[PDB]
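Below are two forms of the same protein chain, given as structure tokens: structure 1, then structure 2.
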Structure 1
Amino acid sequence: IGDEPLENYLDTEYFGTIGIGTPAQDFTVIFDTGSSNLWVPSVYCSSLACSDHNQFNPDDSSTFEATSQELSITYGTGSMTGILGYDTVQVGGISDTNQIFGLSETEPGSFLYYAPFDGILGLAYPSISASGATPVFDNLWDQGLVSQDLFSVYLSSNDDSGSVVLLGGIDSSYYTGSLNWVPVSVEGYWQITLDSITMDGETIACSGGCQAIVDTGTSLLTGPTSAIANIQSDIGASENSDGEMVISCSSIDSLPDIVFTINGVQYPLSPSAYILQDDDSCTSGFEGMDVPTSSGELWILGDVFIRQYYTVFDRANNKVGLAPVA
């Protein structure tokens, strides 16, 4: 059972420390269940985002094995160009050997520059892995470094400590009730079939069923522009002087619960969960973002949601187990 602590940064981003090479060079990376590749900056990249963070140095690693493969990835936030190579990665107490990861050469963009993390570590299916690059967890399994072919995730709240990624294991102390399993509709992302999104009994979106993915790499609960407008209007969201979705803080106590129905079970969201705030202003936890797929306009169960529900990713039964957090 592997244990990997995640640092909660402003309830918006969750990263952790991994080590690469011999000796081990440290990097903070985001554990993305919406990605499948692992990559960190390197001394070959001269971009501003790279000079801005830790750069991996091949020359100072004795267990490093170079490759002749180009790598490229485009995220909803930024892009990256690199090269591939083998070395030992250390994730949550485990020595992930012969692991193939990427070395940036170009991390263009403003976003990667202000980000606090050096890189990203994908936990999704190898299907969506650029360059056919064997993802980390898949490599941990193949080499029998984890007892079970699954892992669970727990995210803290209110900038707290405790966020953890359990590799090859489940831990009852994080949840209450019984885990309700949900089958994965399409293997690539951790995609699932939503049945509806209601509020006060009336269906306010995804009426008739729709697709969604459980993404830890996204802060807000995302959905098609169209549908989110309605939702926003229902909770009281408004476009202010700074292009943001704000709502009268005090309205929280008033506002009702928005319910998500997954696989026939009801998983509600408290006005305290789908509404982010500080001791100043309260922002809407929702964000409209069209994500075209062969199936349709995709929904994204981001951090807003995952904070309320301990989540298990079962690569053996290809399911997603959920249960209200502890």
Structure 2
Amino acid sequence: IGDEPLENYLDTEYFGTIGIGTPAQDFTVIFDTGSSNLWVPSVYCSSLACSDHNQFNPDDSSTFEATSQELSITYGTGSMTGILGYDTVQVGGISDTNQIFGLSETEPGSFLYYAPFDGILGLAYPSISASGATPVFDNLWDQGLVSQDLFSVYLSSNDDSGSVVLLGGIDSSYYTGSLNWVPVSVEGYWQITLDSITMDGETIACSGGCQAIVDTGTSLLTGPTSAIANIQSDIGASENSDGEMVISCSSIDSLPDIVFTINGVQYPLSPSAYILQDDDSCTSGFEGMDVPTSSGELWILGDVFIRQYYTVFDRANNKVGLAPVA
């Protein structure tokens, strides 16, 4: 119990259901460990994506509390604007009272219009929360609604069901062996240090180490462009004049397990994981994009990675636990 079931949309997005207001208005939101804010479309929104998604109506809630505090948030793939407000939020079988969240005014782009989810529930550290809004999880812990100051995440594969986020707890059943604890190098995103990225003992990228974040909100395993370029060349992934990274669907069954070394423990990612096989047309699972930070060039370990291991986010001792998916 205390779990939040998540749907798997084409192994590209994982979202669960939450209720807001009294009585509850439901919305589907990505449980994004790559950010810290909670927001959903509202009757005040004017963007396209809002014409076809659930919209929060403050007047239908006997518990809502308005504010005139507006904010604008920008992510790696998009941005949004809104107004903050307070209400009770139903998530993971818990009743999160006095939770601040955003009622969107805009959220441009076709991506959102075609997206199968309504909003975003940020699971990262408060320091990266727009206008310092109290993140849902910090609110759960502050009001004693969770047994332990941590949460676990399991992401299904091959469009399967069963995906879930366990709030305030860890569940053995979802993993084999024991959890390897990794210290958080920088508190904001769930950041850790990547020792090395090497296949066949050969350092293909991130030499001498690099910074990385664990983000459920990202689908692919991205890394700085200059480095990813090699990655493609080192696996046989080529680009066509259509954009997509075309690569042999055969390579899957004959390539080396690219291994991410974290705190002295190797985490192998077979080409049967970093290769996106939709049809008889296969594509790479790596994406080039420079994400500059004061901590350097960031690498994002998305679902392509999380899918392989049950990940525990421990806010009690600031650590990330990892172990192969059961």
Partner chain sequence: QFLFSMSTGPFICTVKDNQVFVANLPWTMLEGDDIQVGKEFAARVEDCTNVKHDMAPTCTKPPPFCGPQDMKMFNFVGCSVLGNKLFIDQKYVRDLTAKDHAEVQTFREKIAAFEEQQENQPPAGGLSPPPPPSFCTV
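Under this definition, the rigid core comprises the largest set of C-alpha atoms superposing within 1.5 Å between the forms. Counting starts at 1 with the first residue of structure 1 and goes up one by one along its sequence.
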| query | finding |
| --- | --- |
| Number assigned to the form solved without the partner chain in this pair | 1 |
| Core-fitted comparison between the two structures - CA shift at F15, Å | 0.7 |
| Once the two forms are fitted on their core, CA shift of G109 between the two structures in Å | 2.4 |
